[PDB]
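**Student:**
Protein chains: 2
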Amino acid sequence: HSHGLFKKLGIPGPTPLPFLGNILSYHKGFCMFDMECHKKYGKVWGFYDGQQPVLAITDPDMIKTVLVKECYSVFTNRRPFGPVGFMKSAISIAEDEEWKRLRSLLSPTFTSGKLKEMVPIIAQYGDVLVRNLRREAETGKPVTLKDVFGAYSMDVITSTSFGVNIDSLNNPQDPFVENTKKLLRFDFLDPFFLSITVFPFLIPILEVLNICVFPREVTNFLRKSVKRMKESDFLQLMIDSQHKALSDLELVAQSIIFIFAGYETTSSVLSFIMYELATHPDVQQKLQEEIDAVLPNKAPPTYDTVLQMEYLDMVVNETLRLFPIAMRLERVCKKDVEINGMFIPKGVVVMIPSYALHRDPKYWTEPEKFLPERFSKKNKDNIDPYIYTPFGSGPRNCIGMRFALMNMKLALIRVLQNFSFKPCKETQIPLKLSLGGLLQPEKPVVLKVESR
Amino acid sequence: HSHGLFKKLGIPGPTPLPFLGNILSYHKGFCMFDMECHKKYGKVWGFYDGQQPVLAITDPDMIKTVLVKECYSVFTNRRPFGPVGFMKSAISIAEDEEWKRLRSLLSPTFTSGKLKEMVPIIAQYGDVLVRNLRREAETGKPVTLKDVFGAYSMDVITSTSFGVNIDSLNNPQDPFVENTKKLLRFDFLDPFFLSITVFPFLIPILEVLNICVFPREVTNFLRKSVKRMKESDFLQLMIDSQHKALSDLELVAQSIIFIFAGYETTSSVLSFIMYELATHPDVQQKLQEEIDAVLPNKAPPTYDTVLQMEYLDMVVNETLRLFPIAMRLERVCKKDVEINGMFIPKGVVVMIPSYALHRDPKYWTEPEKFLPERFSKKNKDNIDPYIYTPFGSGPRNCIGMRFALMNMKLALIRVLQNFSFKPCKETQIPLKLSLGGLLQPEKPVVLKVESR
Ligand code: HEM
Ligand code: HEM
Ligand SMILES: CN(C)C(=N)NC(=N)N
Ligand SMILES: CN(C)C(=N)NC(=N)N
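Quick look at the structure:
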């Protein structure tokens, strides 16, 4: 789509260069670029990912219309992002009707009822984490969060997905661990992804040469492994629903996409939270005290005891305001429409700048401050769920939201129950976000760990 | 080739943007861009046509080494420019050995001896031009130069190439005229050519889909027509040489490339010259008087009488200084080399900025002034043939140089012998060069024509 579009609609934005559009402006990252735009164009604005017109919108009403109201009719899909092969059938990648059919099939698989049943199995890998954390903190050495939580994230993933019970930290050898480690989030600012943003006409070329964003060796192993398992957790609940019709290949797709969506995310948010606890020892203390008041003398966490903890919730939700790892929510516009008096022409990408809104003065007091109290029950009724969107909104939000909260909360409970986390000379203060396309820390967070 | 190259060699130039390199700087045209660079970087400099490193060089010595000395060993070829199909065999497109073989075969076809024989046949279409010029100036109407000279250029081309004698102006119907009209110079700043400069990886794709810069319908007509002619001028002289071996397809290639190279060029320089004569009526007069002193009372021009005319030559050569329609000379570097102490790495494009040098103060007094006197025999020994290069230099210069001068000179003699050319209200004063990639006037030159 040519570069006249936003002039002809009369929408402000940075003047695009030929071929590139505004990509060079990503040298700061999606996160800063989005702020600067909000700051200087106001409430609504447009830019070009190559030839692709992207309309940022920041009106809570409009957001709700896009994310909630017209989701089924107009704004159903995310923007295509690269050669995906069979993963076109993964719920997060799938489109229109085929997506609605898959969302319906998998919805009951993420019931609180089912979650409740998985708690005992997630709980088990708190004990494991604790154990691994004991040894390596008892050494006196500064721990690397990403590897500690990564190993935990996958421990909870392999076990809740495939029933395969492993100690990821003490089994790097295991074939099943080697592969799921490579299932990382894509950095859409790296050279591969920038290129196909500027050469989208290359996606079909790549499709045909069998090249795929989901590495073939990993996808092969997991399909051929689900092949065996099926011959004799999430796998099961899916097997059990066999429009309607979850098919064979559709099932492996989901299995894989649940790993993709949950692994580096969970472990990534967990890191950010421990960083905030270590740099705010008062918040750390207050939580450690709430946990003891509910689970006295290292009592094991449970579904209900987890949902009892206001301060925990406050800390988790406050960390997500600052570090909304999705950064943006997007939908592609299926047809010409008028939303809250605004004309959106077919093919444009509607983008909601979650990270920017999460840090907008209009909604937030001292937005840069880690301040769990914003989420206290007697002072959160003024938080707009269309401004605060770490899991998106509407029929296409994070299907694994409640699973990811519970899982994280179980990590933190066991970890804080046994330990305290502290600053160091390598600990970067304050934290500085990476310049690429993932919301991660520039240098992976290292902290000191002690036995309580 | 990445954008580190000229930093790592320590050569100055404009900082390239990613993917584009310096192409946006072409919004002024090759002509201004080259000046500004010379003006601000000095004698030698580098820029990037997309990912393609281009080394401009302006030292007469270096130029001579590139264009003359190392031509056969290092700098033999021009830069590839697009899908060419069978025209890869045209002498101007052909490479290395295959080029040297074709240059050798066609050299004797451009002897002054052969030229001499074609004079009577070119001469004939002076009479024709005159005739067409009589009528349409006798109307009192302002004449369009490009159509007057275009029609003449092709009249001289069809007849010296294929023996086909036509009145192009009064035969637009003729199949043979319809096609050769479309054989225009390529504008390497237009969208097609800019794209394949930034997507050179697209040339092979285009080759395979049979798409070609030389339009297929025109190339088809000329091949199938040379097909017949051969069954029963330049065609003949080529037929007669049937390494060695001019082949069938190689022959049609040349036939076509001679049309391509001579048609819009000749007519384009001719326009520029009449513009200068009309805006400098003294120079016009002085020439009209030289012509009469050699060819008294409209006597018909001949080879020797044409070569007698110092002032004519002076006017033709002076107009070419200002309007060197090639603009640049280029060679691709076959291997790493050191030329006059300068390291040129393999694959770089050596570019000589003819138009810029033609207007460099260091060599030229009041460079913007149309001043035929710079070329007078008693004041031209200080003109460096490596600064003044309207036909390039060395073994790969314009093979049709002497033909094009003679042909032009025969146009001008007959035209000035019968007429005078004058300014008008539509005549742009002074002339402003186009912003694209051909050195042509922005608005096609219109002048008034009278009977002497
Ligand atoms: C803290 C961890 C997590 C965060 C912050 C997170 C956030 C998000 C966000 C922002 C979206 C996009 C929603 C939208 O477009 O409006 C999303 C989609 C999704 N998430 Fe998560 N997520 C996390 C963990 C998980 C986990 C554990 C799963 C487990 C299966 C999961 C599965 C998905 C799926 C399948 C989608 C796509 C839904 C669809 O297209 O219908 N996520 N997530
Ligand atoms: C005023 C008219 C003309 C001008 C200014 C002109 C100028 C040039 C220039 C600058 C080159 C490039 C030389 C180099 O790379 O160093 C060239 C090449 C060439 N010209 Fe012309 N030319 C004109 C008319 C003609 C005519 C009538 C022919 C007739 C056949 C012709 C045939 C060629 C050919 C074949 C080449 C390529 C030579 C090779 O690659 O070996 N030109 N011309
Ligand atoms: C969870 N997945 C796979 C996404 N759709 N990506 C995202 N925006 N979080
Ligand atoms: C005559 N031809 C075809 C060229 N090589 N182009 C040019 N630079 N004048």
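Here the protein sequences come in this chain order: A and A'. A prime marks a further copy of an entry chain. The deposited numbering puts the first sequence at residues 28 to 259, 270 to 279, 287 to 496. The deposited numbering puts the second sequence at residues 28 to 259, 270 to 279, 287 to 496. Where a beta carbon is used, it is the ideal one built from N, C-alpha and C, also for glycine.
Check whether the Cβ of A'/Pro135 lies closer than 8 Å to any Cβ atom in chain A.
**Tutor:** Not closer than 8 Å to any Cβ of chain A, the Cβ of A'/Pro135 fails to qualify, so no.
**Student:** Comparing the C-beta of A/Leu51 with each C-beta of chain A', is any distance below 8 Å?
**Tutor:** Yes, its Cβ sits closer than 8 Å to a Cβ of chain A'.
**Student:** What is the DSSP secondary structure of A'/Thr85, reduced to helix, strand or coil?
**Tutor:** Here A'/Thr85 sits in coil by DSSP.
**Student:** Three-state secondary structure (DSSP) at A'/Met145?
**Tutor:** Correct three-state label for A'/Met145: helix.
**Student:** Rounded to a whole number of angstroms, what is the C-alpha to C-alpha distance between A'/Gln273 and A'/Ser131?
**Tutor:** Going from the Cα of A'/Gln273 to the Cα of A'/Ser131 covers about 17 Å.
**Student:** In angstroms, rounded to a whole number, what distance separates the CA positions of A/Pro345 and A/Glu333?
**Tutor:** Their backbone Cα atoms lie some 14 Å apart in a straight line.
**Student:** Does the stretch 467-480 of chain A come within contact of the stretch 444-455 of chain A, defined as at least 3 CB pairs closer than 8 Å?
**Tutor:** Cβ pair count under 8 Å is below three, so no.
**Student:** Using the beta-carbon count (16 or more within 10 Å), is A/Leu249 buried or exposed?
**Tutor:** Per the 10 Å Cβ criterion, buried.
**Student:** Checking contacts by CB at 8 Å: is A'/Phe316 closer than that to chain A?
**Tutor:** So, not an interface residue.
**Student:** Skipping 5 residues on each side, what residues in its chain have a beta carbon closer than 6 Å to that of A'/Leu82?
**Tutor:** So the qualifying residues of the chain are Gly73, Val392, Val394.
**Student:** Tell whether a beta-carbon distance below 8 Å holds between A'/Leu94 and A'/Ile118.
**Tutor:** Cβ distance not < 8 Å, so A'/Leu94 and A'/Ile118 don't count as in contact.
**Student:** Taking the C-alpha atoms as reference points, what is the distance between A/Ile38 and A/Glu63?
**Tutor:** In a straight line, the C-alpha of A/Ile38 is about 16 Å away from that of A/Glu63.
**Student:** Per the DSSP calculation, A'/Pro429 is bridged to which residue(s)?
**Tutor:** None, per the DSSP bridge assignment.
**Student:** Tell me the residue span of the beta strand (DSSP E) that contains A/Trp126.
**Tutor:** Unbroken run through A/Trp126 is the alpha helix (DSSP H), 123-133; no beta strand (DSSP E).
**Student:** Determine, using beta-carbon pairs with one atom in the stretch 432-447 of chain A' and one in the stretch 382-390 of chain A', whether at least three such pairs fall under 8 Å.
**Tutor:** At 8 Å Cβ cutoff, the stretches do not touch.
**Student:** Tell me whether A'/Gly190, by its Cβ, gets closer than 7 Å to a heavy atom of ligand 2.
**Tutor:** No - ligand 2 has no heavy atom lying nearer than 7 Å to the Cβ of A'/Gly190.
**Student:** For A'/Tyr347, which residues of its own chain have a beta-carbon under 7 Å away from its beta-carbon, when the five flanking residues on both sides are left out?
**Tutor:** Contacts found: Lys143, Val146.
**Student:** Using a Cβ-Cβ cut-off of 8 Å, state whether A'/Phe74 counts as contacting chain A.
**Tutor:** Chain A contact via Cβ: absent.
**Student:** Could you compute how far the alpha carbon of A'/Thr309 sits from the alpha carbon of A/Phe228?
**Tutor:** Those two C-alpha atoms are separated by around 37 Å.
**Student:** Quick one: which unbroken alpha helix (DSSP H) runs of 4-plus residues sit fully inside the stretch 47-102 of chain A'? Chain order, please.
**Tutor:** The qualifying runs are 57-68, 87-91.
**Student:** So the alpha helix (DSSP H) A'/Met445 belongs to, where does it begin and stop?
**Tutor:** Taken as a continuous stretch (DSSP letters only), the alpha helix (DSSP H) holding A'/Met445 covers 445-462.
**Student:** Chain A' beta carbons: is any one of them nearer than 8 Å to that of A/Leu236?
**Tutor:** So, not an interface residue.
**Student:** Is there a Cβ from chain A' that is less than 8 Å from the Cβ of A/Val225?
**Tutor:** Taking Cβ atoms only, chain A' reaches closer than 8 Å to A/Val225, which makes this a yes.
**Student:** Just to confirm, are A/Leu216 and A'/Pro45 a CB contact at a threshold of 8 Å?
**Tutor:** No. Outside cutoff.
**Student:** Does DSSP put A'/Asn206 in a helix, a strand or coil?
**Tutor:** Three-state DSSP puts A'/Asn206 in a helix.
**Student:** Beta carbon of A'/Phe271, beta carbon of A'/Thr187: below 8 Å?
**Tutor:** Yes, they are a contact pair.
**Student:** Between which residues of its own chain and A/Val490 is the CB-CB distance below 8 Å, once the five residues before and five after are set aside?
**Tutor:** The residues are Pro169, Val170, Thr171, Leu172, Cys468, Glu470, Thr471.
**Student:** Give a single yes or no on whether A'/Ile303 has its beta carbon closer than 7 Å to a heavy atom of ligand 4.
**Tutor:** Result no, Cβ not under 7 Å from ligand 4.
**Student:** Could you check what DSSP says for A'/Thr166 in three-state terms: helix, strand or coil?
**Tutor:** Three-state result, A'/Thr166: coil.
**Student:** Return the residues of the stretch 113-146 of chain A' that lie within a Cβ-Cβ distance of less than 8 Å from chain A, sorted by chain order.
**Tutor:** For the stretch 113-146 of chain A', which is checked against every Cβ of chain A, not one residue is closer than 8 Å.
**Student:** With a threshold of 7 Å on Cβ separation, who are the neighbours of A/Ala150 within its own chain once the five nearest residues in sequence on each side are excluded?
**Tutor:** Within the same chain, A/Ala150 has close Cβ partners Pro344, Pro345, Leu454.
**Student:** Show which residues of chain A have a CB atom less than 8 Å away from the CB atom of A'/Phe46.
**Tutor:** Ordered by position in chain A, the residues that pass the 8 Å Cβ test against A'/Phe46 are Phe46, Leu47, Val225.
**Student:** Hey, is A'/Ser398 close to ligand 3, as in C-beta under 7 Å from one of its heavy atoms?
**Tutor:** A'/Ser398 Cβ: outside cutoff for every heavy atom of ligand 3.
**Student:** Closer than 6 Å by C-beta to A/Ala178: which residues in its own chain qualify, once you throw out the five before and the five after it? Chain order, please.
**Tutor:** Cβ within range, chain order: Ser195, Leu196.
**Student:** Is DSSP giving A'/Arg375 helix, strand or coil here?
**Tutor:** DSSP places A'/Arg375 in strand when its eight states are reduced to three.
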